[PDB]
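Just so you know, the sequence shown maps onto residues 30 to 242 in the entry's author numbering. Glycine is no exception: its CB is placed at the ideal position from the N, C-alpha and C atoms.
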Amino acid sequence: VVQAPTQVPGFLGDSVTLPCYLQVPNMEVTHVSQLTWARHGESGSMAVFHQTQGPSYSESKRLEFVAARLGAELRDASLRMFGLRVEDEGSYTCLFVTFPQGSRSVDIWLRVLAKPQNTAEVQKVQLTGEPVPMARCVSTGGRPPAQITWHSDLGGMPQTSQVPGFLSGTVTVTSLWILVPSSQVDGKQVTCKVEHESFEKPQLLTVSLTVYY
Numbered sequence: 030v031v032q033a034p035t036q037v038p039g040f041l042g043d044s045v046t047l048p049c050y051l052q053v054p055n056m057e058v059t060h061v062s063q064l065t066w067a068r069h070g071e072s073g074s075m076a077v078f079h080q081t082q083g084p085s086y087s088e089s090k091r092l093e094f095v096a097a098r099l100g101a102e103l104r105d106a107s108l109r110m111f112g113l114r115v116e117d118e119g120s121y122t123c124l125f126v127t128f129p130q131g132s133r134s135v136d137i138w139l140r141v142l143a144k145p146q147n148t149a150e151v152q153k154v155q156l157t158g159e160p161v162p163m164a165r166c167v168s169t170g171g172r173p174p175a176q177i178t179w180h181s182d183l184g185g186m187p188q189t190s191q192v193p194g195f196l197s198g199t200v201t202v203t204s205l206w207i208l209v210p211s212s213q214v215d216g217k218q219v220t221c222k223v224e225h226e227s228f229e230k231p232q233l234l235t236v237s238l239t240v241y242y
């Protein structure tokens, strides 16, 4: 009966793969187990895979399955999936067919998208006053957008706003940056902690500033 962990990322480029497969329980063991994966998704009717008499493809002659039949197994196919575009999910399901009734298996669809790379720096003068003294700190290109914290020591800004990126290769590209007012401490420091569902840990970025004159 049907298993496949199935909660998996999932970043463009890309391009990778997803396991739908089975335990033999075990004082039972059967045929025939002939594969399919659908959408549901516009499940009318199938970004289909079947292997059974061979491998069969929708207008994805390419992509490329794993778990070569060429006989028996008894089957358990995860698809190696490259690639490499915004289907994510997909809400997909691998399916088997057998005489242990077992005419089926289970939907599912999991971790799904890509990241940026960011920059950030300070500028420019101070005529009091006041704000953005500042930092172009940016989220640039990433799928899961971040958002950034500033714990500039002074931190003196309920004031650090946003930009709905407008998307690079189709995604965020947003900047966000603090509106500190006037004064001195040139020439000190600030923090940009960029958050995000990747690179295990919130990178962050920091600089002195710019007294004036």
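Distance, residue j Cα to residue i Cα
i	j	result
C49	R133	12 Å
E226	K153	32 Å
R140	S74	23 Å
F195	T203	7 Å
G42	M163	34 Å
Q32	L51	5 Å
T65	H79	5 Å
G198	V219	29 Å
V167	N147	6 Å
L234	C221	5 Å
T169	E150	14 Å
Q191	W206	7 Å
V240	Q155	6 Å
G39	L142	5 Å
Limits of the unbroken beta strand (DSSP E) element including residue i
i	result
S168	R165 to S168
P48	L47 to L51
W66	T65 to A67
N55	Counting along the chain, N55 falls outside any beta strand (DSSP E), and DSSP gives it neither H nor E.
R109	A106 to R109
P84	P84 to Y86
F195	Careful: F195 lies outside any beta strand (DSSP E) and carries neither H nor E.
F128	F128 -> no beta strand (DSSP E), and no H or E assigned at all.
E71	From DSSP, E71 is part of no beta strand (DSSP E); its letter is neither H nor E.
Beta-carbon proximity of residue i to residue j, cut-off 9 Å
i	j	result
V223	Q232	yes
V61	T122	no
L103	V135	no
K144	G171	yes
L124	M110	no
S87	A76	yes
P193	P160	no
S120	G70	yes
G131	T35	no
Backbone secondary structure at residue i - three-state DSSP
i	result
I177	strand
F40	coil
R133	strand
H225	coil
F94	strand
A33	coil
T81	coil
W206	strand
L103	coil
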